[PDB]
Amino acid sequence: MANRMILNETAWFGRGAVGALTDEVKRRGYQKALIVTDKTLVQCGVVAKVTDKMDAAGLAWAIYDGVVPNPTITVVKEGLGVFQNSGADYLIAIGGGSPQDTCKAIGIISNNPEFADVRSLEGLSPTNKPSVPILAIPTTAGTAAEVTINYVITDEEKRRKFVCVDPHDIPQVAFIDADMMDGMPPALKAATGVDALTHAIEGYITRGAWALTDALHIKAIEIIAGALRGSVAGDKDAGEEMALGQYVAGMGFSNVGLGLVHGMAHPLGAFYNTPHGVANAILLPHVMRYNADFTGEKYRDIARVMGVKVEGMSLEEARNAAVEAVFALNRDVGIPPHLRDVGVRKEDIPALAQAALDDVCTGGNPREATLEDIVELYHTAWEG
């Protein structure tokens, strides 16, 4: 009956937050870090923002930049080998959800060698030891991987993304610095931003929701809905707001769950390598309409913080307004509205739906989804 909360024991927030990293490392006595990131972040100079500071403080580090969007089992094994050989005693994840999840997988397996095949970590990972210490530095404003206890890896052999949930993978310190995120192309800010909004909305209405997560989630929705357009536009302060909002969303959903949006988005990532946030964005409003009757007064709350004047509006009208506010936001930030626009094939829907039905996140959906329900949702999101 009791509710558990897993959070970062230490976290730094604000532009310039990464400047606290060298002092945190020194106070922990670590000797060498393995930075887990990708080639784009190295090319854009984002990784240098961190290594330059580390060099100035005389802190040793090595880099693994083989991470690819929607990280695969192959990437995890490659990164793991690099880490084991490096002799590093801690990990620094620099990037969005892909590098951060890869980093979590590496840290967990390094101290829990029984899960060497990686795929065995799906669900509530029965690990016995904490991951190698992880210092997380997000570069996107959407996944909250720095504070959640989950990470998703793509099993290419079985063509499916599997979510791993494990308190042992929580980063020891997170640095939420908007300076690390400004380089995101506007389209990326939009996709990861709606991914964050999806986290907050699904988390707010998830089956396991309770007082504390509801408070975190509704604040996150308000912050995100109020700052996303401005951030996509390039506004500096909105970018900092988004950095906080996406993190606050994570403080909640990591501890209670999500729903059918993520359950349906994962198979798309596995089948087409579709960007996670774009998949969530397209599916979100449709899944919300589907869940409407099972959400109490919560859609009135969502609509209210998304700019809609809900006073004197019926619950039915408020629910329609919440869904429309999301459709509107997606249009405003430029995300394609139909699944056909992003490479999905109708012939694959039966398999995608079954995959969605079996996805870890689907169980938290307020409405118990059937196979045909999911098939219908994919077809509805196909072209409107």
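For every residue, the number given is its place in the sequence shown, counted from 1.
In this entry, the higher average B-factor at the C-alpha atoms falls on 178-186, of the pair 178-186 and 213-221.
Just going by the entry, 351-359 versus 24-32 on mean CA temperature factor gives the higher value to 24-32. Comparing C-alpha B-factors across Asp101, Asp117, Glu241, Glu202 in the deposited entry, the largest value falls on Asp117.
Based on the entry's C-alpha B-factors, the most elevated value among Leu329, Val323, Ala56, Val344 belongs to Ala56. Among all modelled residues in this chain, the alpha-carbon of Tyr247 has a temperature factor (C-alpha) in the lowest third. The PDB entry assigns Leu371 a C-alpha temperature factor belonging to the middle third of its chain's modelled residues.
In the deposited entry, the Cα temperature factor of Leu339 places it in the lowest third of its chain's modelled residues. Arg289: CA B factor lies in the middle third for its chain, per the PDB record. Looking at the C-alpha B-factors along this chain, the one for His168 belongs to the highest third.
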